[PDB]
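Some notes on the structure that comes next.
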Amino acid sequence: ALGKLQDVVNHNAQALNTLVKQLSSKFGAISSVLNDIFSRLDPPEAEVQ
Amino acid sequence: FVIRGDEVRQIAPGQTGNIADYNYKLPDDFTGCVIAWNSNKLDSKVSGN
């Protein structure tokens, strides 16, 4: 019966979860950890990453 | 100044080594030009400089 009210909560929670999950993507870079990128490479192309 | 041939590559922003760390350090956001040429005919002694 209350699917209309349940859908709003489900949508918001799923969108927030997707936003959180998007944080752990390399996004075309070598690694997804910023501080690893800093420590493992020199500033020249670390800036690009 | 005058440096060794192998260490000429250390004169660049973000580099590490003996010369870059303990003798002459360049800023990360450096702008300008560096000119290096061999001078074996003027700074070499048979006995040793």
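Please note that chains go A, B, ... in the order of the structure tokens, that every chain numbers its residues from 1, and that ligands are numbered from 1 in the order shown.
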Spatial neighbours of residue 4 in chain B, 12 Å, only C-alpha atoms, chain gap at least 3 places, as number ranges by chain
B: 1, 7-11, 18-19, 36-40, 43-44
Give the residues of chain B that lie within 10 Å of chain A; count only C-alpha atoms, and format the answer as a PDB file with N, CA and C atoms, in the first residue's frame.
```pdb
ATOM      1  N   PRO B  13      62.462  21.209 -11.173  1.00  0.00           N
ATOM      2  CA  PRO B  13      61.497  21.247 -10.068  1.00  0.00           C
ATOM      3  C   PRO B  13      61.027  19.851  -9.689  1.00  0.00           C
ATOM      4  N   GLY B  14      60.908  19.619  -8.383  1.00  0.00           N
ATOM      5  CA  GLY B  14      60.389  18.371  -7.868  1.00  0.00           C
ATOM      6  C   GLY B  14      61.371  17.222  -7.828  1.00  0.00           C
ATOM      7  N   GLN B  15      62.591  17.408  -8.320  1.00  0.00           N
ATOM      8  CA  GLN B  15      63.566  16.330  -8.323  1.00  0.00           C
ATOM      9  C   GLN B  15      64.139  16.116  -6.926  1.00  0.00           C
ATOM     10  N   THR B  16      64.707  14.931  -6.722  1.00  0.00           N
ATOM     11  CA  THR B  16      65.311  14.562  -5.453  1.00  0.00           C
ATOM     12  C   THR B  16      66.683  13.952  -5.704  1.00  0.00           C
ATOM     13  N   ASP B  28      58.661  24.332  -6.689  1.00  0.00           N
ATOM     14  CA  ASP B  28      57.810  23.476  -7.509  1.00  0.00           C
ATOM     15  C   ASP B  28      57.261  24.228  -8.716  1.00  0.00           C
ATOM     16  N   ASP B  29      56.751  25.437  -8.503  1.00  0.00           N
ATOM     17  CA  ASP B  29      56.196  26.248  -9.587  1.00  0.00           C
ATOM     18  C   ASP B  29      57.243  27.190 -10.175  1.00  0.00           C
TER      19      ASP B  29
END
```
Please return as number ranges by chain: the residues of chain B that backbone DSSP assigns to helix (DSSP H, G or I).
B: 6-10, 18-22
Output N, CA, C and O atoms for every residue in that selection, as a CSV table (one decimal), in the first residue's frame.
```
chain,number,residue,atom,x,y,z
B,6,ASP,N,76.5,13.7,-14.5
B,6,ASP,CA,75.3,12.8,-14.1
B,6,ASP,C,74.3,13.5,-13.3
B,6,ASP,O,73.1,13.2,-13.4
B,7,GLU,N,74.6,14.6,-12.6
B,7,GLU,CA,73.7,15.3,-11.7
B,7,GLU,C,73.0,16.4,-12.3
B,7,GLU,O,72.3,17.2,-11.7
B,8,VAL,N,73.3,16.7,-13.6
B,8,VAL,CA,72.6,17.8,-14.3
B,8,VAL,C,71.1,17.6,-14.4
B,8,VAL,O,70.4,18.6,-14.4
B,9,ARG,N,70.6,16.4,-14.3
B,9,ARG,CA,69.2,16.1,-14.4
B,9,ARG,C,68.5,16.4,-13.1
B,9,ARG,O,67.3,16.6,-13.0
B,10,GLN,N,69.3,16.5,-12.0
B,10,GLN,CA,68.7,16.9,-10.7
B,10,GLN,C,68.3,18.4,-10.6
B,10,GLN,O,67.6,18.8,-9.7
B,18,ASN,N,71.1,14.2,-4.1
B,18,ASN,CA,72.1,14.9,-3.3
B,18,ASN,C,72.1,16.4,-3.6
B,18,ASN,O,72.1,17.2,-2.7
B,19,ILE,N,72.2,16.7,-4.9
B,19,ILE,CA,72.3,18.1,-5.2
B,19,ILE,C,70.9,18.9,-4.9
B,19,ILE,O,71.0,20.0,-4.4
B,20,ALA,N,69.8,18.3,-5.3
B,20,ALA,CA,68.5,19.0,-5.2
B,20,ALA,C,68.2,19.2,-3.7
B,20,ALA,O,67.5,20.2,-3.4
B,21,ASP,N,68.6,18.2,-2.8
B,21,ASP,CA,68.1,18.3,-1.4
B,21,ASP,C,69.1,19.1,-0.5
B,21,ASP,O,68.6,19.8,0.3
B,22,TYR,N,70.4,18.9,-0.7
B,22,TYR,CA,71.4,19.5,0.2
B,22,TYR,C,72.2,20.6,-0.3
B,22,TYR,O,72.8,21.3,0.5
```
